[PDB]
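Chain and residue survey
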There are 6 protein chains.
Amino acid sequence: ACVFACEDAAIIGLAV
Amino acid sequence: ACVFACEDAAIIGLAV
Amino acid sequence: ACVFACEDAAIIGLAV
Amino acid sequence: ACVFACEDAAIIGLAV
Amino acid sequence: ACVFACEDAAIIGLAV
Amino acid sequence: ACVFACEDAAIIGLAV
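1. Here's the deal with the interface of chain A and chain C
Each side of the interface is counted separately: chain A has 4 residues, and chain C has 4 residues. Counting the surface lost from both chain A and chain C, the interface buries some 330 Å², and carbon and sulfur atoms represent 61% of this. Three residues stand out in chain A for area buried against chain C, namely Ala1, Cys2 and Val3 of chain A, and they jointly supply 83% of the buried area on that side. In this assembly, chain A and chain C are joined by 0 salt bridges. On inspection of chain A and its partner chain C, the count reaches 2 residue pairs in polar contact. Residue classes in the side of chain A that touches chain C are distributed as 4 nonpolar, no polar and no charged.

About the criteria used
- Residues numbered from 1 in each chain as written, not as in the entry; some residues may be left out.
- Chains lettered and ligands numbered in written order.
- Heavy atoms only, no water.
- Contact = heavy atoms within 4.5 Å.
- Buried area = accessible area lost by both parts, 1.4 Å probe.
- Salt bridge = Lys/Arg side-chain N within 4 Å of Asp/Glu carboxyl O.
- Polar contact = N/O pair within 3.5 Å; in protein donor to acceptor, adjacent residues only side chain to side chain.
- Nonpolar A, V, L, I, M, F, W, Y, C, P; charged D, E, K, R; others polar.

Now the structure itself:
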């Protein structure tokens with residue numbers, strides 16, 4: 001998968 | 001939203 | 001093109 | 001840049 | 001969200 | 001994998 005820097009405010013790494 | 005790294009040149013971050 | 005961070009395990013930058 | 005098809009509901013092409 | 005044309009062989013639309 | 005639409009120019013499909 002890929003990792004993107006997304007929000008949650010709070011920016012983290014998210015694996016998709 | 002997420003931050004992507006794309007060239008428009010120059011490579012930059014772009015929210016989505 | 002955009003740079004993705006994806007799994008190939010090794011995680012590499014992908015020129016898309 | 002890449003063209004994404006995302007929801008804004010309306011679905012539009014996004015120039016990223 | 002966004003819709004991408006991904007595999008499943010069998011190519012369909014996938015909402016992310 | 002997924003097909004993305006990006007310009008490299010010319011806009012083309014690219015597997016990932």
